[PDB]
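Student: once you've seen the sequence and the experimental structure below, I've got questions.
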Amino acid sequence: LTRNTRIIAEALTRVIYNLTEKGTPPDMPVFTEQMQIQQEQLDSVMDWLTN
Amino acid sequence: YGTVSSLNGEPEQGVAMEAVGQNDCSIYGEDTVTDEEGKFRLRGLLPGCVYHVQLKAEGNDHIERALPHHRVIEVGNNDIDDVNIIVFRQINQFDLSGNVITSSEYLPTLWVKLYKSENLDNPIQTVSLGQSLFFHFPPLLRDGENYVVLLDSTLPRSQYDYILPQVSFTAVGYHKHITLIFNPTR
Amino acid sequence: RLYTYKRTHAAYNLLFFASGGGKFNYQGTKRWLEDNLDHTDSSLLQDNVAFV
């Protein structure tokens, strides 16, 4: 779930901000720190949903 | 010879910019504080060595990241041009969150707290859960600051049996999803 | 988090829709898409809708 979220969110960020025609090779991510996909939040939300 | 812009396109200003060389050229490299447009004027154009544009350790406190940390550029018999790097500022807030695990009927009779560690008798936030199993304490600053998340319910022990959870989340990170589980008895 | 900050406030209207009526032939989407297209004339579901 965290990896999928990373993949989708990073693709959306690149497409939204015109990054492709701005450099930013796809060999390095955006969501490293200060924006990391909260694993705890995803797990807890999923648990609550399944509750 | 490029630009230092933000994510959206805002040209960053006052960012220290330098190029650290490698190989024998590790000793060569200068810095230049970028202008409003983000147009740095790095000089010392010696061919035969690749360059690494990257963020000065000092003078760049307010700025958190530079997504293309370094850009490998081959220095041949000419100058470089069109060097665009995007950078991130340093968000300082904590943006607390966190769901609560309890039955539906107990939710209106609950208020999560933010008891500071140093004083557990003077709450600083008393977000009531109300009808939502999710508290979203307004963003705090992240510097130590041990806290408590004592779940202060209105339900007395006279008609039910319960234990109010308590969570400490010393604020040094960037988010939180406290997952208090509240299952009273009797 | 991205929209909260000015420097990352991209120019792209985003309509999120935690739709109900899902595996049931996507009725919640049917009704919602109907109400924002034929009922009203406003709403972003007409402005410059990109991929959904």
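Tutor: Looks like it arrived, so ask away. Residues are numbered from 1 along each chain as shown, chains lettered A, B, ... in the order given.
Student: residue most distant from the centroid, chain C?
Tutor: Most distant from the centre of chain C: residue C:7, at 23.5 Å, with distances by Cα atoms, centre = their mean.
Student: how about the strands in chain B?
Tutor: B:2-5, B:16-19, B:31-33, B:50-55, B:63-66, B:71-74, B:83-89, B:96-97, B:100-102, B:110-112, B:151-153, B:176-177, B:180-182 (DSSP state E).
Student: mind checking the SS state of the residue farthest from the centre of chain C?
Tutor: helix (DSSP: H, G, I helix; E, B strand; the rest coil).
Student: which residues does it contact?
Tutor: Applying Cβ atoms under 8 Å, 6 or more residues apart in numbering or on different chains to residue C:7 gives the contacts B:6-8, B:10, B:89. (C-beta placed from N, C-alpha, C; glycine too.)
Student: drop anything exposed from those.
Tutor: B:6-8, B:89 (16 or more other Cβ atoms under 10 Å in any protein chain shown).
Student: can you name the two of those residues that sit furthest apart?
Tutor: B:8 and B:89 (11.7 Å; Cβ to Cβ).
Student: residue B:176 and residue B:152, how far apart?
Tutor: Residue B:176 sits 18 Å away from residue B:152, going by Cβ to Cβ, to the nearest Å.
Student: what about whatever residue of chain C ends up closest to chain A, helix or strand, and which?
Tutor: Nearest residue of chain C to chain A: residue C:10, at 4.9 Å (Cβ to the nearest Cβ). Using DSSP states H and E, residue C:10 is not contained in any helix or strand.
Student: around chain B, which positions in chain C sit nearby?
Tutor: Within chain C, the positions lying close to chain B (Cβ under 8 Å from any Cβ of the partner chain) are C:1-2, C:5-11.
Student: for chain C, find the nearest of the strands of chain B.
Tutor: Here strand B:83-89 is closest among these (Cβ to the nearest Cβ), at 6.3 Å.
Student: same for that closest one, what does it pack against?
Tutor: Packing partners of strand B:83-89 (3 or more Cβ pairs under 8 Å, 6 or more residues apart in numbering or on different chains; DSSP states H and E): strand B:2-5, strand B:50-55, strand B:63-66, strand B:71-74.
Student: can you redo the ones you listed as JSON lines with distance to residue C:33?
Tutor: Output for the helices and strands packed on strand B:83-89, formatted as JSON lines (distance: least, Cβ to Cβ, whole Å):
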{"stretch": "strand B:2-5", "distance to residue C:33": "37"}
{"stretch": "strand B:50-55", "distance to residue C:33": "46"}
{"stretch": "strand B:63-66", "distance to residue C:33": "38"}
{"stretch": "strand B:71-74", "distance to residue C:33": "44"}
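Student: dump the strands of chain B to JSON lines, plus distance to residue C:21.
Tutor: Shown next, in JSON lines, are the strands of chain B (distance: least, Cβ to Cβ, whole Å):
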{"stretch": "strand B:2-5", "distance to residue C:21": "43"}
{"stretch": "strand B:16-19", "distance to residue C:21": "53"}
{"stretch": "strand B:31-33", "distance to residue C:21": "56"}
{"stretch": "strand B:50-55", "distance to residue C:21": "50"}
{"stretch": "strand B:63-66", "distance to residue C:21": "41"}
{"stretch": "strand B:71-74", "distance to residue C:21": "49"}
{"stretch": "strand B:83-89", "distance to residue C:21": "39"}
{"stretch": "strand B:96-97", "distance to residue C:21": "28"}
{"stretch": "strand B:100-102", "distance to residue C:21": "27"}
{"stretch": "strand B:110-112", "distance to residue C:21": "31"}
{"stretch": "strand B:151-153", "distance to residue C:21": "34"}
{"stretch": "strand B:176-177", "distance to residue C:21": "29"}
{"stretch": "strand B:180-182", "distance to residue C:21": "31"}
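Student: look at the residue sitting nearest the centre point of chain C and give its secondary structure.
Tutor: Nearest to the mean C-alpha position of chain C, by Cα atoms, centre = their mean, lies residue C:15 at 3.3 Å. What three-state DSSP gives for residue C:15 is coil.
Student: what's the spacing between it and residue A:43?
Tutor: 27 Å.
Student: residues from chain B in reach of chain C?
Tutor: B:6-8, B:10, B:89, B:91, B:95.
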